[PDB]
Amino acid sequence: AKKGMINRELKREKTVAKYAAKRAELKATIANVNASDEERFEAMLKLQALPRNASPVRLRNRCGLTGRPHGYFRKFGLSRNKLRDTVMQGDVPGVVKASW
Amino acid sequence: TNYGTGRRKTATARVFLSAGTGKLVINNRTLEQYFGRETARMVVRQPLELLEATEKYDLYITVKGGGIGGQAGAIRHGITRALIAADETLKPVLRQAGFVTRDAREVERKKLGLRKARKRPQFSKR
Amino acid sequence: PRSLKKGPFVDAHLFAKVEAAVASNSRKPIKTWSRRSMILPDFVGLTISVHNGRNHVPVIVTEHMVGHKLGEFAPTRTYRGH
Amino acid sequence: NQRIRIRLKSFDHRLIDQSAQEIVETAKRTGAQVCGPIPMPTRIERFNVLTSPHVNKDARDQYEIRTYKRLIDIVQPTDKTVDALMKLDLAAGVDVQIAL
Amino acid sequence: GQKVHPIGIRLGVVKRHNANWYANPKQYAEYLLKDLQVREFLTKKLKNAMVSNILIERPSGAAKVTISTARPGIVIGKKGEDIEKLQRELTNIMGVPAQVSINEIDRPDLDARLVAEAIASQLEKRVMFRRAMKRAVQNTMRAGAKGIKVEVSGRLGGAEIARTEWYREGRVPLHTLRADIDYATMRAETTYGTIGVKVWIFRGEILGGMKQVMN
Amino acid sequence: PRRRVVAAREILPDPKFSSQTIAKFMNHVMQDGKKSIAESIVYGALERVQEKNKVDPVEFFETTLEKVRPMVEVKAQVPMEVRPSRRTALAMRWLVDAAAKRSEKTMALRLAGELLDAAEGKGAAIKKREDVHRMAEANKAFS
RNA sequence: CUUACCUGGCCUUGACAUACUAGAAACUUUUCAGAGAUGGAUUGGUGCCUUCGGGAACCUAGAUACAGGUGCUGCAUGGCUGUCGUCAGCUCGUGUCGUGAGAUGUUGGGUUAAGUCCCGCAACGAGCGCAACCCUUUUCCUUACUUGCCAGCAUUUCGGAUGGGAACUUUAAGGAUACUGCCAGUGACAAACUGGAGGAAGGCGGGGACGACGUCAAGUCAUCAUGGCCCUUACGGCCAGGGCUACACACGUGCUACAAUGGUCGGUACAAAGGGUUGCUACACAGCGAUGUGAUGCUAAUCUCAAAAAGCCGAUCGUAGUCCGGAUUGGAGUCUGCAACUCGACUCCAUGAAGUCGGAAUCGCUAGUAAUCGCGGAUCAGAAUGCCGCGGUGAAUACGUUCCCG
Ligand SMILES: CN(C)[C@@H]1C(=O)C(C(N)=O)=C(O)[C@@]2(O)C(=O)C3=C(O)c4c(O)c(NC(=O)CN5CCCC5)cc(F)c4C[C@H]3C[C@@H]12
Ligand SMILES: [Mg+2]
Ligand SMILES: [Mg+2]
Ligand SMILES: [Mg+2]
Ligand SMILES: [Mg+2]
Ligand SMILES: [Mg+2]
Ligand SMILES: [Mg+2]
Ligand SMILES: [Mg+2]
Ligand SMILES: [Mg+2]
Ligand SMILES: [Mg+2]
Ligand SMILES: [Mg+2]
Ligand SMILES: [Mg+2]
Ligand SMILES: [Mg+2]
Ligand SMILES: [Mg+2]
Ligand SMILES: [Mg+2]
Ligand SMILES: [Mg+2]
Ligand SMILES: [Mg+2]
Ligand SMILES: [Mg+2]
Ligand SMILES: [Mg+2]
Ligand SMILES: [Mg+2]
């Protein structure tokens with residue numbers, strides 16, 4: 001991938017990490033019943049006011065060695081191109097060729 | 001008093017056979033309650049009917065796994081082994097009838113590049 | 001559609017612009033990129049120029065348009081026939 | 001009835017069996033009575049990986065990874081059993097958990 | 001046609017993995033990425049020490065790295081300063097404290113990766129590739145391999161059109177699963193591009209299987 | 001096949017009446033593996049005919065299949081004598097095909113109707129048998 | 001967002017590395033303008049190492065060598081991959097005839113899945129291919145007795161629920177078995193091929209991985225690396241809106257149907273494989289429903305996704321464009337997301353299109369196969385009729401190699 005794209009990903013991750021706590025508090029306030037509708041409305045408005053990169057919906061899983069945005073395989077944190085090589089070199093514990 | 005195990009298509013049956021008058025129970029249910037087809041009942045009844053000893057023994061059976069046909073076949077196989085254990089000399093008759101052989105047929109796995117075990121995609125001819 | 005329990009969604013900056021326009025009687029069109037905002041009763045009697053991708057199309061809000069998104073009145077694609 | 005429960009997890013059934021037998025031998029030498037090991041069901045996780053870099057859908061490697069679990073129960077434990085069990089070293093690749 | 005990886009096809013048959021550790025589904029990716037980073041760092045730092053194999057374990061909140069080398073003195077240093085620095089750096093890279101172990105390769109000529117590295121160095125220094133392949137083959141066979149095969153692909157001698165050529169001697173039963181077959185690949189970076197070098201060494205058949213290997 | 005010959009696939013007899021012929025016809029009737037519905041159709045038709053006229057179902061079915069069974073064929077075009085298995089297969093296929101096109105609502109009673117028609121002597125299967133006989137006579141001289 | 005494309009708004013040693021110089025702990029609280037990128041204000045604080053006259057981490061400002069490019073060349077390359085094709089071939093030594101290149105072995109009779117094997121022969125012998133070594137399924141044995149099991153005893157709020165048992169099932173490690181082994185034909189008396197007995201299984205028992213020398217300048221510079229060309233106030237970098245979802249048409253691959261072997265309703269059975277802690281959720285209540293609220297147990301052979309559906313029994317529909325089919329559209333909602341107009345999935349009421357089995361042509365399949373029915377997962381906030389797996393019910397037909405294809 002491109003280095004600018006990788007750095008965009010890293011910046012978005014940092015923003016999410018920064019805003020994790022306040023966003024969760026706002027969601028809890030919105031979902032609280034005892035609080036008045038005024039407070040819930042204000043919480044929703046603040047949530048909408050939070051910067052966009054605070055939302056985890058925008059994070060895209062990328063390879064980790066090459067930044068490839070397709071074929072991710074969460075369990076290994078690697079895209080298929082590097083996963084095949086690392087598995088067939090014997091550097092991924094417990095993984096073999098499957099036959100049944 | 002005697003025991004047998006039967007296996008057919010992921011189904012396993014435990015058959016307890018004792019001298020009796022002809023009572024048959026499967027999972028605390030009668031044959032007609034447990035199996036809805038007549039073919040399943042006839043398959044269950046084949047061995048004793050062949051031996052002409054239907055009213056001679058009592059059958060207490062549990063089964064689990066597979067479908068209705070598989071369960072019927074497993075019950076037949078288990079009854080056959082129980083009868084052989086009770087009297088080895090029945091083995092020639094049962095092996096002639098084919099109840100001794102354990103059917104090893106099973107579902108073939110799906111294969112990469114195919115819709116099923118052997119069905120391929122459609123191939124446009126240019 | 002957006003669940004009734006959450007109410008309608010309007011961008012805060014657009015809402016502030018509309019509030020200012022209603023407070024002070026000004027008919028100057030309001031320029032926005034917010035196609036996703038929902039048209040409210042307060043918009044009626046106003047002119048909003050809504051981005052379509054390359055231009056800001058003017059829209060005069062009426063009572064019939066209430067309950068719509070601003071982008072519904074600013075088509076994005078151009079077609080005239082093969 | 002101060003029984004102890006040991007749970008072993010591994011990606012190599014030979015390694016986990018060796019570790020379980022070592023634990024059983026240590027317990028028996030210490031003098032306690034042991035139950036097991038009991039084989040718990042295995043987890044099999046499969047994966048499909050395109051082998052070509054650009055385009056060949058049918059060209060794939062099939063990989064699998066296996067998680068094996070073993071359970072050991074020690075009953076009527078002697079005071080000398082626990083210290084020996086703690087002394088017993090840790091073998092790489094075999095996760096061991098102990099519950100009192 | 002394309003060939004399966006000789007190491008990969010035998011991973012549970014007659015050969016071990018290069019990594020031994022258990023992890024939960026959540027920790028598996030973190031552990032893998034850290035291990036790969038460690039491998040990449042070590043290769044660069046010990047390029048000139050004739051390193052072939054790296055074995056990584058995470059026994060319990062710790063790390064153990066075993067390095068198979070033909071020059072243990074270079075890695076160890078004068079009085080252990082090099083190993084201490086390396087241990088500290090790996091303990092920095094990996095969260096848990098780490099330990100380092102040295103495994104001396106007594107016979108470099110039966111190690112596939114060292115042979116490929118030597119061939120690549122010669123090609124980058126512009127030795128004739130046919131001479132390189134013949135000399136490597138004869139050296140390995142004197143070392144005592146039951147078979148040796150070497151392949152070189154690219155712009156040989158800076159030709160405009162690339163080509164591939166190979167030399168084999170002895171026997172190399174690739175289809176035999178229980179055969180001990182070391183395999184390695186290597187890059188030679190020349191003014192005209194990249195030349196790929198591949199080495200296979202057949203050392204006999206392992207009898208008894210995994211149980212004999214004592215996993 | 002080019003090399004070797006494959007043995008015939010043994011078919012277990014019908015459990016109720018112990019008739020391999022009945023089992024073969026039942027499999028001919030079956031679609032999509034719905035053996036239970038095929039069994040219902042066939043047993044119902046046999047019971048209906050038995051009740052209507054008192055005759056052994058197996059004997060009557062064999063007798064009717066004898067009437068509907070063909071005699072000759074032509075292979076690509078030279079006439080040839082059909083083998084016993086192909087005779088029965090063609091007969092059963094013709095009966096089921098003619099039933100498929102019959103105009104009655106259901107299949108079981110509509111199968112019994114065709115059985116009676118074939119027994120009497122007039123039917124689509126009998127007409128097809130006569131047609132193949134005519135065409136074989138027309139190509140008689142060859143071979 | 002992804003995003004590489006378009007419109008407009010912006011930055012320039014740069015979003016990212018190294019070297020040089022100066023000042024500042026990093027950080028942290030609230031506002032304002034702007035669509036945002038940005039710009040300008042406004043709070044709290046002076047650690048960690050020190051031979052303390054300094055230095056480490058991280059920032060701000062200057063500076064040039066540079067960074068940056070999914071820009072071009074798959075015909076300059078590495079690595080990787082498709083295909084003939086799991087087709088049975090491709091070779092090498094030394095001898096041998098030939099002035100010679102070469103031949104031979106590797107050719108011939110049978111046989112096999114096979115250059116598989118046995119027979120002949122101035123050839124003798126060996127390598128890479130074939131086979132076997134590996135995984136899975138069928139029979140049995142030993143070890144193991146829970147969270148899994150319940151034959152025999154008892155206790156039962158009749159639920160293995162309890163006291164209990166280690167028998168059976170299963171779970172999962174290690175072993176045995178099958179080898180033309182025995183028999184009769186058969187054939188050159190050989191290889192080999194047919195038919196019997198025992199056996200769970202009898203002639204590679206069934207599947208899977210394993211891809212020879214080579215061919216197509218075959219595919220990939222957009223996974224990645226890399227020679228050489230190009231851009232450098234932009235061919236680099238940041239942002240908000242739009243597009244990748246267009247629509248007079250033509251092709252490939254699928255799903256749903258055209259109904260009675262069926263549709264609707266009531267009752268009632270039987271699986272295997274996976275998944276689950278920012279997750280799956282028992283149960284109660286609210287709603288017609290998608291769902292919501294409270295609450296419970298599960299880091300799982302323990303709790304849960306979970307209703308298997310075809311099936312069976314009963315009634316009704318009686319061949320109608322219908323009680324078949326469910327496209328299109330009008331209203332009204334739910335959930336995920338900062339946000340469902342362009343452009344989500346699902347739910348309810350209303351509407352109810354084409355379609356009554358499809359020309360020439362053409363495709364898959366030899367057995368637990370085809371056909372048919374349901375169930376799970378990777379990707380993933382949400383978004384499968386695709387892909388990769390799992391089980392249930394369960395056929396027809398092979399006379400033969402003339403004809404098409406390789
Ligand atoms: C139908 N289509 C798939 C073809 C097809 O059918 C077949 C086949 N065998 O069937 C194939 O070979 C192909 O696919 C293919 O791959 C080809 C090439 O690469 C190629 C190439 O690279 C250059 N290169 C240059 O001219 C470089 N010059 C240097 C200076 C300026 C240009 C020139 C050139 F004519 C070709 C021919 C193509 C043909 C192509
Ligand atoms: Mg790059
Ligand atoms: Mg996403
Ligand atoms: Mg299936
Ligand atoms: Mg299977
Ligand atoms: Mg496909
Ligand atoms: Mg709507
Ligand atoms: Mg976009
Ligand atoms: Mg090419
Ligand atoms: Mg191209
Ligand atoms: Mg092989
Ligand atoms: Mg080309
Ligand atoms: Mg390109
Ligand atoms: Mg954008
Ligand atoms: Mg598209
Ligand atoms: Mg019914
Ligand atoms: Mg309907
Ligand atoms: Mg019409
Ligand atoms: Mg075949
Ligand atoms: Mg999903």
# chains A, B, ... in the order shown; residues from 1 in each chain; ligands from 1
>>> residues_near_ligand(ligand="ligand 8", cutoff="12 Å", atoms="only C-alpha atoms (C1' of nucleotides) and all ligand atoms", output="list in words")
residues 58 of chain A; 1, 2, 3, 4, 5, 6, 240, 241, 242, 243, 244 and 343 of chain G
>>> residues_around(residues="region 61-73 of chain B", least_positions_apart="3", cutoff="7 Å", atoms="only C-alpha atoms (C1' of nucleotides)", output="MDAnalysis selection string")
(chainID B and resid 8:16 25:27 40 43:44 76:77) or (chainID G and resid 270:271 392)
>>> residues_near_ligand(ligand="ligand 11", cutoff="9 Å", atoms="only C-alpha atoms (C1' of nucleotides) and all ligand atoms", output="number ranges by chain")
E: 175-176; G: 86, 130-132, 210
>>> residues_around(residues="residue 74 (chain A)", least_positions_apart="6", cutoff="12 Å", atoms="only C-alpha atoms (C1' of nucleotides)", output="ChimeraX atom specification")
/A:60-64,80,83 /D:47 /E:25-30,32 /G:378-380
>>> interface_residues(of="chain G", to="chain C", cutoff="7 Å", atoms="only C-alpha atoms (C1' of nucleotides)", output="list in words")
residues 7, 8, 35, 241, 242, 248, 334, 341 and 342 of chain G
>>> write_last_selection(atoms="N, CA, C and O atoms (P, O5', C5', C4', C3', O3' and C1' of nucleotides)", output="PDB file, in the first residue's frame")
ATOM      1  P     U G   7     -12.180  17.433 -12.320  1.00  0.00           P
ATOM      2  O5'   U G   7     -13.196  18.288 -11.440  1.00  0.00           O
ATOM      3  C5'   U G   7     -14.375  18.836 -12.010  1.00  0.00           C
ATOM      4  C4'   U G   7     -15.274  19.440 -10.960  1.00  0.00           C
ATOM      5  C3'   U G   7     -14.636  20.483 -10.060  1.00  0.00           C
ATOM      6  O3'   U G   7     -14.555  21.763 -10.663  1.00  0.00           O
ATOM      7  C1'   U G   7     -15.844  18.949  -8.737  1.00  0.00           C
ATOM      8  P     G G   8     -13.211  22.635 -10.540  1.00  0.00           P
ATOM      9  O5'   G G   8     -13.238  23.188  -9.047  1.00  0.00           O
ATOM     10  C5'   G G   8     -14.068  24.284  -8.688  1.00  0.00           C
ATOM     11  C4'   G G   8     -14.473  24.229  -7.238  1.00  0.00           C
ATOM     12  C3'   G G   8     -13.412  24.613  -6.219  1.00  0.00           C
ATOM     13  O3'   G G   8     -13.259  26.014  -6.061  1.00  0.00           O
ATOM     14  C1'   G G   8     -14.439  22.607  -5.545  1.00  0.00           C
ATOM     15  P     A G  35     -19.227  26.638   6.669  1.00  0.00           P
ATOM     16  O5'   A G  35     -18.938  25.228   7.353  1.00  0.00           O
ATOM     17  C5'   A G  35     -19.961  24.261   7.536  1.00  0.00           C
ATOM     18  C4'   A G  35     -19.509  22.901   7.067  1.00  0.00           C
ATOM     19  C3'   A G  35     -18.081  22.526   7.441  1.00  0.00           C
ATOM     20  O3'   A G  35     -18.013  21.929   8.725  1.00  0.00           O
ATOM     21  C1'   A G  35     -18.444  22.124   5.126  1.00  0.00           C
ATOM     22  P     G G 241     -19.615  15.202   3.694  1.00  0.00           P
ATOM     23  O5'   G G 241     -20.155  16.004   2.430  1.00  0.00           O
ATOM     24  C5'   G G 241     -21.236  15.498   1.670  1.00  0.00           C
ATOM     25  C4'   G G 241     -21.259  16.050   0.267  1.00  0.00           C
ATOM     26  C3'   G G 241     -21.348  15.015  -0.838  1.00  0.00           C
ATOM     27  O3'   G G 241     -22.641  14.462  -1.000  1.00  0.00           O
ATOM     28  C1'   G G 241     -19.695  16.581  -1.398  1.00  0.00           C
ATOM     29  P     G G 242     -22.815  12.874  -1.162  1.00  0.00           P
ATOM     30  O5'   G G 242     -22.547  12.615  -2.710  1.00  0.00           O
ATOM     31  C5'   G G 242     -23.246  13.356  -3.696  1.00  0.00           C
ATOM     32  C4'   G G 242     -22.544  13.325  -5.029  1.00  0.00           C
ATOM     33  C3'   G G 242     -22.307  11.956  -5.643  1.00  0.00           C
ATOM     34  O3'   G G 242     -23.456  11.404  -6.257  1.00  0.00           O
ATOM     35  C1'   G G 242     -20.340  13.238  -5.815  1.00  0.00           C
ATOM     36  P     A G 248     -33.274   3.520 -20.387  1.00  0.00           P
ATOM     37  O5'   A G 248     -33.091   3.567 -21.965  1.00  0.00           O
ATOM     38  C5'   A G 248     -32.579   2.450 -22.673  1.00  0.00           C
ATOM     39  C4'   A G 248     -33.063   2.427 -24.101  1.00  0.00           C
ATOM     40  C3'   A G 248     -32.978   1.084 -24.802  1.00  0.00           C
ATOM     41  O3'   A G 248     -34.061   0.236 -24.470  1.00  0.00           O
ATOM     42  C1'   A G 248     -32.159   2.793 -26.231  1.00  0.00           C
ATOM     43  P     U G 334     -39.774   3.045  14.974  1.00  0.00           P
ATOM     44  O5'   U G 334     -38.925   1.704  14.863  1.00  0.00           O
ATOM     45  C5'   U G 334     -39.302   0.542  15.587  1.00  0.00           C
ATOM     46  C4'   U G 334     -38.372  -0.607  15.298  1.00  0.00           C
ATOM     47  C3'   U G 334     -36.892  -0.321  15.478  1.00  0.00           C
ATOM     48  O3'   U G 334     -36.485  -0.393  16.832  1.00  0.00           O
ATOM     49  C1'   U G 334     -37.244  -1.486  13.445  1.00  0.00           C
ATOM     50  P     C G 341     -31.930   8.303   3.614  1.00  0.00           P
ATOM     51  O5'   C G 341     -32.057   8.412   2.032  1.00  0.00           O
ATOM     52  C5'   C G 341     -33.248   8.896   1.425  1.00  0.00           C
ATOM     53  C4'   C G 341     -32.981   9.484   0.060  1.00  0.00           C
ATOM     54  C3'   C G 341     -32.009   8.711  -0.818  1.00  0.00           C
ATOM     55  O3'   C G 341     -32.643   7.657  -1.517  1.00  0.00           O
ATOM     56  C1'   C G 341     -31.452  11.016  -0.837  1.00  0.00           C
ATOM     57  P     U G 342     -31.782   6.450  -2.119  1.00  0.00           P
ATOM     58  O5'   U G 342     -30.742   7.160  -3.094  1.00  0.00           O
ATOM     59  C5'   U G 342     -31.124   7.595  -4.391  1.00  0.00           C
ATOM     60  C4'   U G 342     -29.954   8.189  -5.134  1.00  0.00           C
ATOM     61  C3'   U G 342     -28.757   7.273  -5.330  1.00  0.00           C
ATOM     62  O3'   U G 342     -28.918   6.425  -6.454  1.00  0.00           O
ATOM     63  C1'   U G 342     -28.030   9.397  -4.556  1.00  0.00           C
TER      64        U G 342
END
>>> interface_residues(of="chain B", to="chain D", cutoff="10 Å", atoms="only C-alpha atoms", output="number ranges by chain")
B: 112-114
>>> closest_residue(among="G:170, G:402, G:268, G:299", to="chain E", atoms="only C-alpha atoms (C1' of nucleotides)")
G:299
>>> residues_near_ligand(ligand="ligand 5", cutoff="7 Å", atoms="only C-alpha atoms (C1' of nucleotides) and all ligand atoms", output="mmCIF file with N, CA, C and O atoms, in the first residue's frame")
data_model
loop_
_atom_site.group_PDB
_atom_site.id
_atom_site.type_symbol
_atom_site.label_atom_id
_atom_site.label_comp_id
_atom_site.auth_asym_id
_atom_site.auth_seq_id
_atom_site.Cartn_x
_atom_site.Cartn_y
_atom_site.Cartn_z
ATOM 1 N N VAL B 107 -21.326 -40.027 3.430
ATOM 2 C CA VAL B 107 -21.433 -38.858 2.563
ATOM 3 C C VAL B 107 -20.047 -38.379 2.150
ATOM 4 O O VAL B 107 -19.169 -38.155 2.991
ATOM 5 N N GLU B 108 -19.855 -38.201 0.846
ATOM 6 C CA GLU B 108 -18.608 -37.668 0.317
ATOM 7 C C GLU B 108 -18.536 -36.160 0.539
ATOM 8 O O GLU B 108 -19.540 -35.454 0.433
ATOM 9 N N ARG B 109 -17.336 -35.673 0.844
ATOM 10 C CA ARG B 109 -17.143 -34.266 1.169
ATOM 11 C C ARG B 109 -17.210 -33.387 -0.079
ATOM 12 O O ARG B 109 -16.953 -33.833 -1.199
#
>>> closest_atom_pairs(of="chain E", to="chain A", cutoff="12 Å", atoms="only C-alpha atoms", output="CSV")
residue,atom,partner,partner_atom,distance
E:4,CA,A:88,CA,8.9
E:5,CA,A:88,CA,6.4
E:6,CA,A:88,CA,8.6
E:7,CA,A:89,CA,6.4
E:8,CA,A:88,CA,4.2
E:9,CA,A:97,CA,7.0
E:10,CA,A:96,CA,8.6
E:11,CA,A:96,CA,6.3
E:12,CA,A:96,CA,6.8
E:13,CA,A:96,CA,9.8
E:15,CA,A:90,CA,9.3
E:16,CA,A:90,CA,7.9
E:17,CA,A:90,CA,4.9
E:18,CA,A:91,CA,5.3
E:19,CA,A:93,CA,5.4
E:20,CA,A:93,CA,5.9
E:21,CA,A:93,CA,6.9
E:22,CA,A:93,CA,8.0
E:23,CA,A:93,CA,9.6
E:24,CA,A:75,CA,9.8
E:25,CA,A:75,CA,6.4
E:26,CA,A:75,CA,7.6
E:27,CA,A:75,CA,9.0
E:28,CA,A:76,CA,6.7
E:29,CA,A:76,CA,4.6
E:30,CA,A:77,CA,7.8
E:31,CA,A:76,CA,9.2
E:32,CA,A:76,CA,7.1
E:33,CA,A:77,CA,7.5
E:34,CA,A:64,CA,10.9
E:35,CA,A:91,CA,8.6
E:36,CA,A:91,CA,8.1
E:37,CA,A:65,CA,9.4
E:38,CA,A:91,CA,11.8
E:39,CA,A:91,CA,9.6
E:40,CA,A:65,CA,11.1
E:53,CA,A:91,CA,11.1
E:54,CA,A:91,CA,9.6
E:55,CA,A:91,CA,9.0
E:56,CA,A:91,CA,9.0
E:57,CA,A:93,CA,10.0
E:58,CA,A:93,CA,11.4
E:182,CA,A:89,CA,11.6
E:183,CA,A:89,CA,9.9
E:184,CA,A:89,CA,9.7
E:185,CA,A:89,CA,10.9
>>> interface_residues(of="chain G", to="chain F", cutoff="12 Å", atoms="only C-alpha atoms (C1' of nucleotides)", output="VMD selection string")
chain G and resid 112 to 113 193 to 194 259 to 262 310 to 312 318 to 319 366 to 367 370 to 373 392 to 403
>>> residues_near_ligand(ligand="ligand 7", cutoff="10 Å", atoms="only C-alpha atoms (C1' of nucleotides) and all ligand atoms", output="PyMOL selection string")
(chain C and resi 1) or (chain G and resi 331-333)
>>> write_last_selection(atoms="C-alpha atoms (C1' of nucleotides)", output="PDB file, in the first residue's frame")
ATOM      1  CA  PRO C   1     -35.563   5.096   7.956  1.00  0.00           C
TER       2      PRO C   1
ATOM      3  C1'   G G 331     -48.506   3.640   2.996  1.00  0.00           C
ATOM      4  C1'   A G 332     -46.432   2.520   8.176  1.00  0.00           C
ATOM      5  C1'   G G 333     -41.939   0.854  11.260  1.00  0.00           C
TER       6        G G 333
END
>>> residues_near_ligand(ligand="ligand 9", cutoff="12 Å", atoms="only C-alpha atoms (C1' of nucleotides) and all ligand atoms", output="PyMOL selection string")
(chain E and resi 162) or (chain G and resi 74-75+77+81-82+216-220)
>>> residues_around(residues="residue 42 (chain D)", least_positions_apart="5", cutoff="12 Å", atoms="only C-alpha atoms (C1' of nucleotides)", output="MDAnalysis selection string")
(chainID D and resid 8:13 65:70) or (chainID G and resid 171:172 301)
>>> decode(residues="region 113-134 of chain E", atoms="C-alpha atoms", output="short mmCIF file (atom, residue, chain, number, x, y, z; two decimals), in the first residue's frame")
data_model
loop_
_atom_site.label_atom_id
_atom_site.label_comp_id
_atom_site.auth_asym_id
_atom_site.auth_seq_id
_atom_site.Cartn_x
_atom_site.Cartn_y
_atom_site.Cartn_z
CA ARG E 113 20.57 -21.56 3.42
CA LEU E 114 24.32 -21.08 3.91
CA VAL E 115 24.97 -22.60 0.47
CA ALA E 116 22.41 -20.33 -1.18
CA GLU E 117 23.85 -17.29 0.59
CA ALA E 118 27.36 -18.14 -0.61
CA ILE E 119 26.11 -18.61 -4.18
CA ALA E 120 24.30 -15.26 -4.06
CA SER E 121 27.39 -13.48 -2.74
CA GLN E 122 29.49 -14.96 -5.54
CA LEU E 123 26.95 -13.92 -8.17
CA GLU E 124 26.89 -10.37 -6.79
CA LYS E 125 30.70 -10.34 -6.96
CA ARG E 126 30.41 -11.47 -10.62
CA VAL E 127 31.83 -14.98 -10.37
CA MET E 128 30.63 -17.16 -13.23
CA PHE E 129 27.36 -18.77 -12.21
CA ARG E 130 28.16 -22.15 -13.75
CA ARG E 131 31.41 -22.28 -11.77
CA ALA E 132 29.54 -21.28 -8.62
CA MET E 133 26.94 -24.02 -9.04
CA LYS E 134 29.50 -26.75 -9.82
#
